[PDB]
There are 2 protein chains.
Amino acid sequence: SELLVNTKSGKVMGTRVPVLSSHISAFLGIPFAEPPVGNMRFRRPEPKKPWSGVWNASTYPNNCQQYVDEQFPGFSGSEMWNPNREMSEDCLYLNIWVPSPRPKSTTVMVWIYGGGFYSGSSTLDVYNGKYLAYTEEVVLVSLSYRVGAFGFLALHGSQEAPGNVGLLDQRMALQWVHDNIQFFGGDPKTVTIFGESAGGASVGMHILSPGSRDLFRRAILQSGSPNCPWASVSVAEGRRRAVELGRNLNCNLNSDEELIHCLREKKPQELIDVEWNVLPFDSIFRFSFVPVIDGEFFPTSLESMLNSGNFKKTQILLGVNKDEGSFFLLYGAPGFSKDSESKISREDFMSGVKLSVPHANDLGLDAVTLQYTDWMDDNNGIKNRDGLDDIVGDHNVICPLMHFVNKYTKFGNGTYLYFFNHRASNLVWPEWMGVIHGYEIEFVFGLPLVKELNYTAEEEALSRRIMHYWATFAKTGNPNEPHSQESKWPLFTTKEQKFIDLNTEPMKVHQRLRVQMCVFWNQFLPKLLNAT
Amino acid sequence: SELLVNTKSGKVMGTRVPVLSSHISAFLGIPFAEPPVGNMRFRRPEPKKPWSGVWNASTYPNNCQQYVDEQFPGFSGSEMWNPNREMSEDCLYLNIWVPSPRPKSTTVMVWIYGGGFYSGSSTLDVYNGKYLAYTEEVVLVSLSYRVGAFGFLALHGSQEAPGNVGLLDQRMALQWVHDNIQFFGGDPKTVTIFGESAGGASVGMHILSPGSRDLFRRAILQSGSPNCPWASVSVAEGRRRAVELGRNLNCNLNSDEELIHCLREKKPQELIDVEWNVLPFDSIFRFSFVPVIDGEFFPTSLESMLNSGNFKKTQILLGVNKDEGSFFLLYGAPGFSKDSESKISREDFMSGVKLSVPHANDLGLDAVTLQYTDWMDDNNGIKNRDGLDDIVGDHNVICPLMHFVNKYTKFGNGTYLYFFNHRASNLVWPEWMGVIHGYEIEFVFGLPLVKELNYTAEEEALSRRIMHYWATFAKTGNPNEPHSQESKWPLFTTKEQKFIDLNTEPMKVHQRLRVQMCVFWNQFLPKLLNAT
Ligand SMILES: *[C@@H]1O[C@H](CO)[C@@H](O[C@@H]2O[C@H](CO)[C@@H](O[C@@H]3O[C@H](CO)[C@@H](O)[C@H](O[C@H]4O[C@H](CO)[C@@H](O)[C@H](O)[C@@H]4O)[C@@H]3O)[C@H](O)[C@H]2NC(C)=O)[C@H](O)[C@H]1NC(C)=O
Ligand SMILES: *[C@@H]1O[C@H](CO)[C@@H](O[C@@H]2O[C@H](CO)[C@@H](O[C@@H]3O[C@H](CO)[C@@H](O)[C@H](O[C@H]4O[C@H](CO)[C@@H](O)[C@H](O)[C@@H]4O)[C@@H]3O)[C@H](O)[C@H]2NC(C)=O)[C@H](O)[C@H]1NC(C)=O
Ligand SMILES: *[C@@H]1O[C@H](CO)[C@@H](O[C@@H]2O[C@H](CO)[C@@H](O[C@@H]3O[C@H](CO)[C@@H](O)[C@H](O[C@H]4O[C@H](CO)[C@@H](O)[C@H](O)[C@@H]4O)[C@@H]3O)[C@H](O)[C@H]2NC(C)=O)[C@H](O)[C@H]1NC(C)=O
Ligand SMILES: *[C@@H]1O[C@H](CO)[C@@H](O[C@@H]2O[C@H](CO)[C@@H](O[C@@H]3O[C@H](CO)[C@@H](O)[C@H](O[C@H]4O[C@H](CO)[C@@H](O)[C@H](O)[C@@H]4O)[C@@H]3O)[C@H](O)[C@H]2NC(C)=O)[C@H](O)[C@H]1NC(C)=O
Ligand SMILES: COc1cc2c(cc1OC)C(=O)/C(=C/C1CCN(Cc3ccccc3)CC1)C2
Ligand SMILES: COc1cc2c(cc1OC)C(=O)/C(=C/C1CCN(Cc3ccccc3)CC1)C2
Ligand SMILES: *[C@@H]1O[C@H](CO[C@@H]2O[C@@H](C)[C@@H](O)[C@@H](O)[C@@H]2O)[C@@H](O)[C@H](O)[C@H]1NC(C)=O
Ligand SMILES: *[C@@H]1O[C@H](CO[C@@H]2O[C@@H](C)[C@@H](O)[C@@H](O)[C@@H]2O)[C@@H](O)[C@H](O)[C@H]1NC(C)=O
């Protein structure tokens, strides 16, 4: 049967699912590791022991234990990101959508969710793979991985909580796909990994990590890059946070073994309740338990790896949304609210600046302020608001990505860069937030093709075009149809630095994406903070 | 007789001079101090001993000993600034132009020449007072003062070369005018002092200095302000330069008395030949012998005087030209030449930056570079050229003036600010230099009213208008005619910071003159250089 697939871990049975007037097969909730429970909490994942019988893969798995947003109860704009299944530490599963009839050897795309390394779920409506799998004839996988302290608590030197285990979860799922996707009709030599935000950083981290590179062919990074200032900590900062987490739960702190034992006795919600207490600064766009630069997953600093070409050389497609900062200001900074235009006073601007760049001395804060203030009109509330939005977006997403892309392109085999600046017509967040972090994802997974969801015809066309770029890139390493009459997305090269806008208008090509602001964040400010 | 005037120093006889189809009287070369020669070299000036007989004041006096520009021999653009009389240490004289018939009590305007404190002459064609005196019915005085080491050599603690004597020269001429201008028909209570560049700084310095303030009523500063980074040095830096000057001339350096004695034996040209050797940095827009912050002429630092309101409170009219930097780049920086468009390579840009801000550490140089580079187009030769022109103008003239004007306005009794951006149609310097430092002076002295000099009709009108603003300001403290139908130059206030463009087009009013760049030079960069 089409819904029966025999794999090297055992048989699995999927389910036929309707999609846009047709059908495909879905295999939901396949386990790829042993449940990381009890004394395995905080440990490297172990491969799932093979099963006899037929593994029922007709329904979505549990989501990993995580912080749940309750800021806007019942509001679809926030709740679209929250877990839509029960949470459990028993959450290492993946999902596969397969065209019908079963292909023989087709391009595979593996989705790595974002969520700041502290949240996220493979089961969200907006990550449903059926539209993309159906429309573009790809086998679409979404994996899962431990987040929060369960994924990232790091006591370097210990084997019981080494750190990075959530990244090892992702890698184990990609090993599973490498080993098994052939039985589903996928081609294991044309596996493209793709992700957004922390998921994009994660993609980058597998490009870098020697122990993951061989498992995939090429890569798409959306609004995230491995060098983002929020995406990793040093082993000392990681240890500090794990000890502070212990302090918050009245743990014995005298040794790794005492702390870990104490942390493993706690219910998952107890860790989540105090997780945000361990951050060293009052800050926005900063998460507590993130990847650690350990010497093992990452053999040296990310900057030395990037500079020396210590990474997988392949093709990458990547980009950013216009207003990356807005979500984090809404949730994290004074004077930004959901139902107000959120015009900002000089005083909320200056506070915002300090929250945005937590590691900065006063001179550094004055440099950032100068760089984004219009001194002809320094009391404009709108300008102050948009200015902070740009500070946050630039520092945390756009400029780290630009630096990644410039470094990667020197050694890699083909780079395509985009700037997504179309605000969805049915966006339920306010207008001041603009083209918000995350809101390209619906276009990439083809939601606008569904009439009920209330997108325009032009948004449908934009989504079709995005999907086809993403899938043709995954198939061939180039998002353009070799002999199309359609306008061509050119390659980003070192010299010319080209990129395209992705929106409903005819394709425009530009050069040197936010270069003015990125020289400030990537070259001048770090030099400034180093000299003081 | 009209050409005979009896003064408290003695009688003087002037000469009738033709001007624009009419005539006025001129009294040229009146002495105001004893010749500062022999053992009086470097000393405070002494008042001229009164004379019997009639002092022949029919011809211009000698110019003070100074460096003479030979870079473009015979070229009118440079030679218009060089001494047009014989040079002599016997050079403390003034010139007076008086309407005909002799007025009873009319507004007096006293011109203080520029020249970087190392050069300048009261006798230049472009400073001829006859047009202004005639057209606006003012008594026009131009004074002179010692420049170079003769005016500014400073060995603080010594009475033989205290420093600032060139400023005491100016003050002695203003004392003379205060005491005597009544005999010429001038009103000693409506004396306006005005000057350009070093002359403008000098005006500012008399506003500040307690020992000069009572001698005049109000003030005009053109492209110069007392706080300019080139216009003064500390007593330690002054001493250092006077000792280095001595080193250059194989002087005994063991005491002030040995050094000064040695320096007084030298011919004037020997000092001038090595004067530029004493500058501490490789720099542009920096002159060797300038005013010293001594505790006496200036009782405390210029910034504390400005902050505390320790200055004369009156009305001031002041402004800048659009391309103040260009002259100094031409003369001082590699890649700028007179007969080339002077497009500048990245490497000549970076060199230029370092010459422009000599006191700056590397981080400071990177800050200035960032502030003026368009990173979308960083190899444009034109942009690099114009960018350096702006750096030089901003740092040295515009931003110090903006800071002066903002500080002064808090305590003063009325401020009028202009931005002169009309390039003379007959300018003989190249186009790349734009609206060059010094080239408003011809409009202020009414040269465009003279047909032979080849200005347009619109330039004539612009000059008439400028002259009438300057003279009505001197008369009343307000450059506008109380009940004119003409457009009004508004007052610069603390809150609104208004200014006007001076050019051939209908008056436009704007606010916050180069505020973006001036926050950088006036607030951020100094903070940066202080923290390193
Ligand atoms: C991604 O990587 C692929 C695969 O590595 C890479 O394709 C390579 O491109 C180069 C062209 O730069 C090819 O090298 C040429 O091969 C031919 C015949 O095989 C030679 O005769 C060529 O030499 C001539 O031309 C040279 C100019 O580059 C001269 O230097 C020389 O003196 C000769 O006149 C030349 O070596 C190479 O074979 C391909 N390989 C394949 C399989 O296509 C591709 O360009 C990379 N893409 C990106 C965006 O980086
Ligand atoms: C696509 O667009 C359509 C067309 O606009 C849209 O349908 C609308 O959806 C909302 C669903 O929430 C409907 O609003 C409800 O209407 C009923 C009946 O009048 C009310 O009882 C509801 O009020 C309850 O809930 C409120 C808000 O949650 C509370 O504040 C209140 O106390 C009640 O508890 C509620 O207002 C609306 O009627 C339709 N509009 C039309 C014209 O049909 C659809 O949802 C969009 N589709 C998608 C997938 O987004
Ligand atoms: C330059 O300096 C001149 C001279 O010093 C200065 O002119 C002064 O302006 C003020 C107006 O601010 C005058 O003060 C007023 O005088 C009248 C009558 O003599 C008083 O009745 C006034 O009091 C009323 O209004 C006040 C509002 O300012 C209220 O505070 C008060 O309660 C009353 O209702 C007031 O004190 C002052 O007399 C003049 N002096 C002269 C000679 O004009 C001028 O404004 C300065 N110019 C600039 C640009 O700074
Ligand atoms: C106002 O504009 C008028 C009209 O253009 C202008 O008159 C011009 O002035 C210059 C004065 O230098 C004249 O040029 C000279 O002409 C004679 C005769 O043809 C030549 O012998 C001269 O050559 C000598 O000097 C040269 C440059 O200095 C040397 O390079 C050469 O070897 C010779 O030594 C010289 O070229 C020119 O003739 C007139 N033009 C006209 C049309 O009358 C006037 O000067 C302007 N007025 C002011 C005050 O600027
Ligand atoms: C409980 O404390 C915090 C919670 C949050 C933030 C900060 C917090 O404390 C400093 C924050 O910035 C937050 C930002 C939003 C990021 C974007 N997500 C939605 C999203 C998820 C995955 C990929 C794209 C968008 C909503 C929360 C949430
Ligand atoms: C001999 O050495 C130098 C000579 C000069 C400069 C620099 C020098 O060495 C560092 C300089 O900047 C110079 C600039 C110019 C300033 C503007 N003047 C004309 C002018 C004089 C008074 C008022 C306005 C303009 C011409 C020379 C001249
Ligand atoms: C496979 O699963 C289908 C849906 O299962 C649902 O969730 C699981 C955990 C059970 O609790 C089940 O009763 C729920 O309906 C079933 O409809 C289907 O019968 C199952 N098929 C087989 C062969 O087990
Ligand atoms: C006053 O001066 C006029 C111009 O003087 C000129 O320069 C002086 C220094 C003398 O050298 C003189 O011969 C030059 O002509 C004379 O024309 C005029 O005669 C003088 N008048 C009197 C009364 O001395």
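A note on names: the letters A, B, ... follow the listed sequences, proteins ahead of strands, and every chain is numbered from 1.
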_Can you tell whether the side chains of B:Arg512 and A:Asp378 come within less than 4.0 Å, N to carboxylate O?_
yes
*For B:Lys322, look at atom NZ and say whether over 12 heavy atoms of other residues, nucleotides or ligands are found less than 6.0 Å away.*
no
*asked:* As an exercise: rank B:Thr373, B:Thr532, B:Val519 by heavy-atom pairs under 4.5 Å with chain A and give me the winner.
replied: B:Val519
*asked:* Is it the case that the side chain of B:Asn380 and the backbone of B:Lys383 share a donor-acceptor pair, with hydrogens and angles ignored and the cut-off at 3.5 Å?
replied: yes
_Per-residue contact mode, B:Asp374 against chain A (heavy atom under 4.5 angstrom)_ = both
_Is it the case that the ring center of A:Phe499 lies less than 6.0 angstrom away from the ring center of A:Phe492?_
no
*In terms of the angle between their ring planes, are B:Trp489 and B:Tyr469 parallel, tilted or perpendicular, with boundaries placed at 30° and 60°?*
perpendicular
*May I ask you to decide if the ring planes of B:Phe328 and B:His437 are parallel, tilted or perpendicular, using 30° and 60° as cut-offs?*
perpendicular
*Face-on cation placement of B:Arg423 at B:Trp432 ring, 6.0 Å and 45° thresholds*: no
*Considering only heavy atoms, give the residues of residues 348-368 of chain B separated from chain A by less than 4.5 Å, sorted numerically, with 'none' for an empty result.*
B:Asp362, B:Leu363, B:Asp366, B:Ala367
_B:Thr369 versus chain A, the contacting section by heavy-atom distance below 4.5 Å_ = neither
